[PDB]
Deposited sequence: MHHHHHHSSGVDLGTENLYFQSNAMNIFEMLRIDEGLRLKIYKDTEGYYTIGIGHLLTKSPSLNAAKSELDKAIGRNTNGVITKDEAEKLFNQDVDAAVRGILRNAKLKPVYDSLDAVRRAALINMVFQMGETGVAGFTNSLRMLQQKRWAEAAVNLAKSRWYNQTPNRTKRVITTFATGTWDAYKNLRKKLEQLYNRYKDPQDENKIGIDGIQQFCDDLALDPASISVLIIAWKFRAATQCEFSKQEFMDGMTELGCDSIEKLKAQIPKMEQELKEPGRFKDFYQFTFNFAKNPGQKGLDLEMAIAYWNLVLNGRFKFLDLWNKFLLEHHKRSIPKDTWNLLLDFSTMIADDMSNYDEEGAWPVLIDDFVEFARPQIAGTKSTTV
């Protein structure tokens, strides 16, 4: 197979993203690699372990993700060649433009691409300008504007310029924030600068919302990969573009499913690496950010903890506090003491009830 890859992996890592842990679409890993149609994680991990050749426990390296991606490219190419509507266009195209076609197949499948009859004909005819304008009129252009414009530029030019130029813009922007003592990360000063550039306080709710959108691991830490992947997935190539995305992120949090996801993410982001629980003072500081205007008993809860708990907060307790805040009556008369809440919440209700 070595006779038949370098550019296509980085092109789809940018457009689709690379995930090093087993996720849901269906059990997937890497750049959209399907593991099984079975709903069993045990089946999914089994397929992944067999494919890789080690006990991965659903976690892989970038190189392992590449081995899997090359298999999917080779399978995609076989599919295109057996398709009577796609084979002529594929055969006629140069190496760079074939990569843009495989990119479309990865996104919407053979049937999706085969639907672009007029555009595919223009490509086969090497009518690059006419094809570029024609592909931009589709629904494909609206659903994924950043990805589509990059793929369209690949067909228009026959160059990697759309991917090369985004990487240049993000790499130049990165240099403003990188740590002088460590080129592969953004340090304390860099994070402060990033927040200043956004006209936001680093301890503000807006910055915590951005960390959620970037899927950042830990507070006061920001890796180069987090910056690169975050900015690309959000479709931002500048601070101004990221700044303009903040109201959209705010709107999402008005939907309870998104809010629940952001709320639970906060615990994982707030905690110290190597620690399973969140120290009380930290838990209170983040609760004041995320439960502000959502929990009537927030101050009395903080006072209770500082005076009667004075210990770390486990994840389950953090998660369940949101359900408590939502259901609790202003007089606490609906609280099920004989129910299944953490002992800490039963003790809070016992402490709070005589205080009205």
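Unmodelled segments of the deposited chain, in sequence order: 1-17, 22-23, 45-47, 379-386.
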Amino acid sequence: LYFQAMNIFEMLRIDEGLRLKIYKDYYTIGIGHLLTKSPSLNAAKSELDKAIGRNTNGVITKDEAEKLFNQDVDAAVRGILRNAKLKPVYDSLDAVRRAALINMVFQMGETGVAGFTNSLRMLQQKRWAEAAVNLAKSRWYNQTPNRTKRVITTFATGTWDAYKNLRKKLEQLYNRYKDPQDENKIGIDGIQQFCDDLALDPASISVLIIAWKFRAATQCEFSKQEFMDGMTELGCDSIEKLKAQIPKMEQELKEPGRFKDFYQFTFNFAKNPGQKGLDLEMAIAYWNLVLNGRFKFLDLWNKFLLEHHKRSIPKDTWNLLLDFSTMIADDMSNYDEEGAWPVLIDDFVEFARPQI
From here on, numbers count along this sequence of modelled residues.
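Across the other entries compared, at least a third leave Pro39 without coordinates even though the residues on each side are present. Note: missing coordinates for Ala5 occur in a third or more of the other compared entries bracketing this position.
Looking at 266-274 and 184-192 together, the entry lists the larger mean B-factor for 184-192, computed on C-alpha atoms. Relative to its counterpart among 34-42 and 292-300, 34-42 has the higher mean temperature factor, C-alpha atoms as listed in the PDB entry. Within the group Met11, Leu344, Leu18, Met332, the record's highest C-alpha temperature factor is found at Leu18. Between the residues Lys87, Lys241, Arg98, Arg176, it is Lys87 that shows the highest Cα B-factor in the PDB record. Sorting the modelled residues of the chain by their CA temperature factor places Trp160 in the middle third. For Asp72, the recorded CA temperature factor ranks within the middle third of the chain's modelled residues. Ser325: CA B factor in the lowest third of modelled residues in this chain (values from the PDB entry).
When the modelled residues of the chain are ordered by their C-alpha B factor, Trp128 lands in the middle third. Compared with the other modelled residues of the chain, the Cα B-factor recorded for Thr28 ranks in the highest third.
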